[PDB]
Amino acid sequence: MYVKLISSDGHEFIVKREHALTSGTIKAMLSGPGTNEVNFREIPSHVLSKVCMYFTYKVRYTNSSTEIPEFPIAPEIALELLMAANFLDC
Amino acid sequence: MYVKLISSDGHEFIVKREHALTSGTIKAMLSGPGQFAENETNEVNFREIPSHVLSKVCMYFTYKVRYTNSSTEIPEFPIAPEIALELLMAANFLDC
Amino acid sequence: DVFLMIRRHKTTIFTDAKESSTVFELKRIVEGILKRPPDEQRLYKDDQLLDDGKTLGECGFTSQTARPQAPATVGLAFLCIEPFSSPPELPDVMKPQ
Amino acid sequence: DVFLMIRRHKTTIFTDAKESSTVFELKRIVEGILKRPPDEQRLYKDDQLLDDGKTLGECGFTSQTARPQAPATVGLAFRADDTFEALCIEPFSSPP
Amino acid sequence: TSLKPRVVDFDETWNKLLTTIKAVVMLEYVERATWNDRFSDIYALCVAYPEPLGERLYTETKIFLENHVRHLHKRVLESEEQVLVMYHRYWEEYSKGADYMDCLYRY
Amino acid sequence: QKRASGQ
Amino acid sequence: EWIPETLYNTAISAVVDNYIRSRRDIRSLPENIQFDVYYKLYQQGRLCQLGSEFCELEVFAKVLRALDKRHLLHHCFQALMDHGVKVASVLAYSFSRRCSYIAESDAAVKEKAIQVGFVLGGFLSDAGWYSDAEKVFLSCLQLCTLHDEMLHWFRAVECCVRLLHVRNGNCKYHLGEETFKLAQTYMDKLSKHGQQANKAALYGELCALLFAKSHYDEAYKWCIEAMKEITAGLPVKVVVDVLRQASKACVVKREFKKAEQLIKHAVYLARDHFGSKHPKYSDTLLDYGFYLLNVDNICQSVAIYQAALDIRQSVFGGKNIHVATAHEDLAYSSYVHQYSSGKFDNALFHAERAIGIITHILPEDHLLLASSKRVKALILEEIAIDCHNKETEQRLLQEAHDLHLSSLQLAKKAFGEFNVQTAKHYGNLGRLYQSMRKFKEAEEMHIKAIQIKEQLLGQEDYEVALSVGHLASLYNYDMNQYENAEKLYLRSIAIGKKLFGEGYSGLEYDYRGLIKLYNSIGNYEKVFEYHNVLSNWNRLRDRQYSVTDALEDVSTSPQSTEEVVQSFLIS
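Residue numbers (PDB author numbering), protein chains in the order written: chain N, 17 to 50, 57 to 112; chain T, 17 to 112; chain M, 2 to 79, 88 to 106; chain Q, 2 to 97; chain U, 1 to 107; chain P, -5 to 1; chain K, 7 to 577.
Okay, here's the thing in structure tokens:
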């Protein structure tokens, strides 16, 4: 029910499985051989933390009645996070 | 009569006083306690302005005075695009 | 509702909790995956231990400052919370060079 | 009126003279600046010999090729220990 | 060092300029090297990064001059029966000490 | 012209 | 004389010609130099090389600190907006995104960005981009709400006084009241805690919001309250802002003795400080011409909108709402001035221009587009009468029918059924139905027009009388109900001379109508009884016509500040 989300620098970011199913790549990583750890040797930890912060942001705010606040993506992290968003297909 | 402008690296640029008084800062630099003249040649120690641009300022000084209210069309000042920036910063500092 | 991450050394617990909940039930959430006894585990927000008696709202973890996009942080110990990484320092452009 | 850039070592004197004016009075202008005798100073114009006489018309440059927009450099040197030293002018600076 | 904008601490520049501006107003002796140096410090404050310290420079000078004239005011009001000699002695120093300081603050 | 200036 | 160019103006043209290589290093130049490089790019017409830098907020923060050359920035900014690139909406969004990220910071960084917002939002609001300035202020407002001390409460009320101003140029009145109510929440909190805030600029905006919604009874109440808080320590920009809005509420209050001293002091106060070229000076002239048009001083009202337009046509580029607003009012003033002559070709060009601009920059359902749409329709119906081509007469008069109804709907949607502006369209549509030969339909429009104005304004008012004369001409010239028209002409006659005397130039259509009124019901003795009064109107109008232009009427230093306020307050 928890997914071991390690980073390039050996940093784990475990989160609920239903939250980690927002990204289509992680859903594909869970499928096949191997709710366990998945190799993330390319994506670094400082940008994967923001992905995990987005995961709880996406699921909680689905069909929200109120206006959803902007997800903060810092300027120093924006370019690296964008490739992570495409690679994860989040 | 002659004003001895000194660049950052120590290059003197001795030019006539009348030419070097078209510069607002140099006019202000000589006016005041800057008149304690060595002989009749007042020196100006530009701490920040480098030498390669200070020649172009001085070469502008003779360019302004000679062509002032001239009858003929004035040739454009030859300014190297590689130094068009360091001269731009030294064209409002010197007010010339 | 209060969203938080729990960091002991590098494990991170992105699990929500009610603003009126106490620390005791959140400690049971940590042992769900870390499979460690809850009495040994102790939490340290801003290097300060949190009492189990006080609820989440009494520790400053207000739901208005615990948004899902920027959840508040809290430490954990059985502190050695290492930083994630250093993002590449982008130039300020307008700084002289 | 030809504009010149008589310069040695660090000094970069800016003056002017007529197209057909004599080279000797050009040394006289420098004579009244650094208080050196006219025969003491030697004009090493473009690393070639320049006699104390002559004139600017056949000196090697005209008014148009030494315009105030970009005047042509003229070397200078003095005689020390009963011998004339060579010119030692250097480039102004390296513009970044 | 170039004349491009750069970050500069106001206190170090203002203290290095307060001694010159104190001697300029009172018609004291400031060497040619320092007076031409003090023009760059004025410039480096009006184009300082990130915030141009031109307002702080003009406020501190305004406070400094307001300090100075009321300092001269205390040295004249106490000197009764010779105010006219003392005023003009302190006026020709300040009348030249304003135009000279006007040139320093030209930028 | 009979209705004066239009408001 | 052939004077050589300064080394500055030469080095500027040498770094602009090498802009591609030196674009990185130009952004590090001082503010005075940096703006002169960018303005040179506009002079060379290389707007693409320029709008690529103004879209960044940090550069537009640097070129916004050049207060001396702000009048050149407006023309350089407006050129970008017409060029294509949405440099206003990009800056406003780029500020809101950057402002939303420093919410979790200290009071030093937050105050740095709030001051950027107050000069950016103070520029977009100044250039007319009210829909894009509000997004800047709404981000600046939510920075002040995070910290709830006495220091930041003075900025939240500083945003709300500006938010109330960008929500009136955008004609979002229904949000304006909620903004004012939110301001008082941040005003009472600050005022109670031992720090009284100047409630003078803020009440001046309500003098224009409630003026806009035709709440002239409520407008004058806040007109007095605004000027009671005028203090000599206030900025001149704030002080001249209150005076012009106070004049507009006093003029529509139909009291003109107190109105002239407020706006003539405003024009003087906006000319000695701002000068004859700053947009604020032209803004005061626009409200000054409102005073002239309602006091029947129509002769020099055109010359004061043309001055107002020509200032805005030079500072605010081609397609700007402020230029369009001047085009609207100049078209209306030229409409009123040349109504008797019947030639509307300069007036039509101005009215068409004010629509070619507003439709480009505003949505199709904007209130300010409606008021600028009625002016063309008024001009079209007069051309549809003066022209002798029956095919042109019918089609152009039908085009003016679609414009009033479109204009009426936008006013009726936001101002409600019971307002002067809604009734003003009823009267204009009533006059149009008269020209459309729909005399049965023209009856019920004027009746609804007068009944709404009489219920709101009162039994005796200048607007009501001018509407009655529209109905009086209907009952007299083409409906032959002379008995009904007899009381209507007399009703406007008393009100017309009540505030203007017998020399009111609008009485020409009132006295002449009385002559035709008595021509078809006998009683030819009274025909000569009104015939000499028409000559009396001729004598009492041309003699007072000779007057100096209003531009020099204010002259130099006519009165003093904190004296016109006291003179007006006691009366």
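Just so you know, even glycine gets a beta-carbon here, dropped at the ideal spot from N, CA and C.
Item: For chain T, check one thing: does any of its Cβ atoms lie closer than 8 Å to the Cβ of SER22/Q?; Value: no
Item: Does the beta-carbon of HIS199/K have 16 or more other beta-carbons within 10 angstroms, so that it is buried, or is it exposed?; Value: exposed
Item: Check whether the Cβ of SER106/K lies closer than 8 Å to any Cβ atom in chain N.; Value: yes
Item: Suppose the cutoff is 8 Å on Cβ atoms and the five residues either side in sequence are ignored; what does the same chain contact list for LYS96/U look like?; Value: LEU27
Item: The beta strand (DSSP E) with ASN61/T in it runs from where to where?; Value: 58 to 61
Item: Around the C-beta of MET17/T, are 16 or more other C-beta atoms found within 10 angstroms, so that it is buried, or is it exposed?; Value: exposed
Item: Is the Cβ of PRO100/M closer than 8 Å to any Cβ of chain U?; Value: no
Item: List the whole-angstrom C-beta distance separating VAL560/K from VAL321/K, where the pair is believed to meet the contact cut-off of C-beta under 8 Å.; Value: Contact doesn't hold; Cβ gap of about 21 Å is too wide.
Item: At a cut of 8 Å, does the segment 208 to 217 of chain K reach the segment 225 to 242 of chain K through at least three beta carbon pairs?; Value: yes
Item: Check each candidate in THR1/U, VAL76/U, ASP11/U and name the one with the smallest Cα separation from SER23/T.; Value: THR1/U
Item: I'd like to know if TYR49/U contacts chain M, where contact means its C-beta is closer than 8 Å to some C-beta of that chain.; Value: yes
Item: If you draw a straight line from the C-alpha of residue 113/U to the C-alpha of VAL25/U, how long is it?; Value: Since the first residue of chain U shown is 1 and the last is 107, residue 113/U is not available in this structure.
Item: Mark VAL85/U as exposed unless 16 or more other C-beta atoms lie within 10 angstroms of its C-beta, in which case mark it buried.; Value: exposed
Item: Tell me, please, whether the segment 68 to 76 of chain M touches the segment 9 to 26 of chain Q by the rule of three or more beta-carbon pairs shorter than 8 Å.; Value: no
Item: Take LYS270/K and list the residues in its own chain whose beta-carbon comes closer than 6 Å to its own, dropping the five residues that flank it on each side.; Value: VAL560
Item: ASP53/M and residue 164/M - do their beta-carbons sit closer together than 8 Å?; Value: Given a span of 2 to 106 for chain M in the structure shown, any question on residue 164/M remains unanswerable.
Item: For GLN50/K, which residues from the same chain have a beta carbon less than 7 Å from its beta carbon, with the 5 sequence-adjacent residues on both sides left out?; Value: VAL22
Item: Could you pull the start and end residues of the alpha helix (DSSP H) that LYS454/K belongs to?; Value: 445 to 462
Item: Which of the three DSSP states, helix, strand or coil, is assigned to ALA471/K?; Value: helix
Item: Is there at least one Cβ from chain U nearer than 8 Å to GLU466/K's Cβ?; Value: no
Item: Look up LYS46/M in the DSSP assignment and say whether it is helix, strand or coil.; Value: strand
Item: Taking beta-carbon pairs under 8 Å, can you tell me which members of the segment 434 to 450 of chain K lie near chain P?; Value: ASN434, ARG437, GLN440
Item: Quick check: the segment 167 to 182 of chain K against the segment 115 to 122 of chain K, are at least 3 beta-carbon pairs closer than 8 Å?; Value: no
Item: Under 8 Å Cβ-Cβ, which residues of chain T neighbour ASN36/U?; Value: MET45, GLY50, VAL60, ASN61, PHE62, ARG63
Item: So residue 174/N contacts chain K; which residues on that side make the cut at Cβ distance below 8 Å?; Value: Here chain N comprises residues numbered 17 to 112, so residue 174/N is not present and cannot be evaluated.
Item: Taking only beta-carbon atoms, is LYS36/M less than 8 Å away from chain N?; Value: no
Item: Taking Cβ positions only, does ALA78/M come closer than 8 Å to chain N?; Value: no
Item: Does the beta carbon of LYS4/U sit closer than 8 Å to a beta carbon anywhere in chain K?; Value: yes
Item: Using a beta-carbon distance cut-off of less than 9 Å, what residues from the segment 20 to 37 of chain K approach chain M?; Value: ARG30, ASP31, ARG33, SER34
Item: Evaluate the contact criterion for the segment 70 to 78 of chain T versus the segment 89 to 105 of chain T: three or more CB pairs, one atom per stretch, below 8 Å.; Value: yes
Item: Under a CB-based cut-off of 8 Å, is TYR524/K close to chain P?; Value: no
Item: Could you check the C-alpha separation between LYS430/K and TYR338/K for me, to the nearest Å?; Value: 14 Å
Item: Can you list, in chain order, the stretches of the alpha helix (DSSP H) that have 4 or more residues and sit fully within the segment 280 to 335 of chain K?; Value: 285 to 300, 308 to 321
Item: Less than 8 Å between the beta carbons of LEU97/K and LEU126/K, yes or no?; Value: yes
Item: Can you check which of these residues, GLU92/U, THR20/U, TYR107/U, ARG6/U, is closest to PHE64/U by C-alpha distance?; Value: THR20/U
Item: Would you say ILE364/K and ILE327/K are within 8 Å of each other, going by their C-beta atoms?; Value: yes
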